[PDB]
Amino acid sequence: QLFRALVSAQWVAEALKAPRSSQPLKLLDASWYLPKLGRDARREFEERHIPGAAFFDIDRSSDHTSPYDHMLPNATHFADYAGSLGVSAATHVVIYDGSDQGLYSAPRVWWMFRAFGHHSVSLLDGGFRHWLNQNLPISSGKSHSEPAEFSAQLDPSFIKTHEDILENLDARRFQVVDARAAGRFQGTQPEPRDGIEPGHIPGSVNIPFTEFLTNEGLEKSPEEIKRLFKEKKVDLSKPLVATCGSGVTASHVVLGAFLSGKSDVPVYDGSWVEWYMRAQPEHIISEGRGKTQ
């Protein structure tokens, strides 16, 4: 009783050859990379992308009035932007990116469409990496589309707030799962944002987003995902909230839970950037020694 979250490269290639008029397919490249990788997602799209794809820029689908990173825009802003990419309520949106990991930032966009009330959305398992590995056809050129009518409404159950995370330190009403790399979580490797130092939220559990994916960047099976959660002491029959640096890679936790039957995993959108900025010293658990310490 959920719309499929994953489609395969083979499924996509077939759809490109057999298009479905009543349910049009819109392919979106949502690649986004941290600056230190020295990659230009938009330019890469211009060079190669899945045929007929548009480029979904997650910096044009964020609230720039926030001091935090990658915050959900309001619904009017999202709808304007999704309609400008040619997405209507009839559309089966399929999102990918070109990350080394397979999928990286695309899960965030799958989550956002759902959050804003568009449930016919999936992700291309293995992303562009796998598409290229299969020697499937590619196109070049800047992104474009005719505009379409799109409406959005945010369901707030998709989000948790700082206030919620804070209340939960004592209340322990939900399990917080943090998708950052282990060393950022532990406090021994740097955070990408200048002025943010690493560490973790007290009581949270680290499941780096890479552990949801196979060695070659395909999704693990639901059998293996359930095993992962359980080995990390996360109980899927209890509430679960996903978090990371800025709320982007958190969406792999959300996806993994969705594929294992649990559809209601909210994202703490403010994530570690917000948490660190709004913290008292008791709120920052780290093996690293602060400037103050």
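Residue positions are given as counts along the sequence shown, with the first one as 1.
For the two regions 273-281 and 12-20, the entry's Cα B-factors average higher over 12-20. The question of which stretch, 167-175 or 111-119, has the higher mean Cα B factor is settled in favour of 167-175.
Between the residues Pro156, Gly199, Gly86, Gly126, the entry's highest C-alpha temperature factor is the one at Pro156.
As recorded in the PDB entry, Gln101 shows the highest C-alpha B-factor of the residues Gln101, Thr91, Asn74, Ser105. Ranked by C-alpha B-factor against the other modelled residues of its chain, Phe55 falls in the lowest third. In the PDB entry, a CA B factor belonging to the lowest third of its chain's modelled residues is recorded for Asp29. When the modelled residues of the chain are ordered by C-alpha B-factor, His49 sits in the middle third.
When the modelled residues of the chain are ordered by their C-alpha B factor, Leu236 lands in the highest third. For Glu211, the recorded CA temperature factor ranks within the middle third of the chain's modelled residues.
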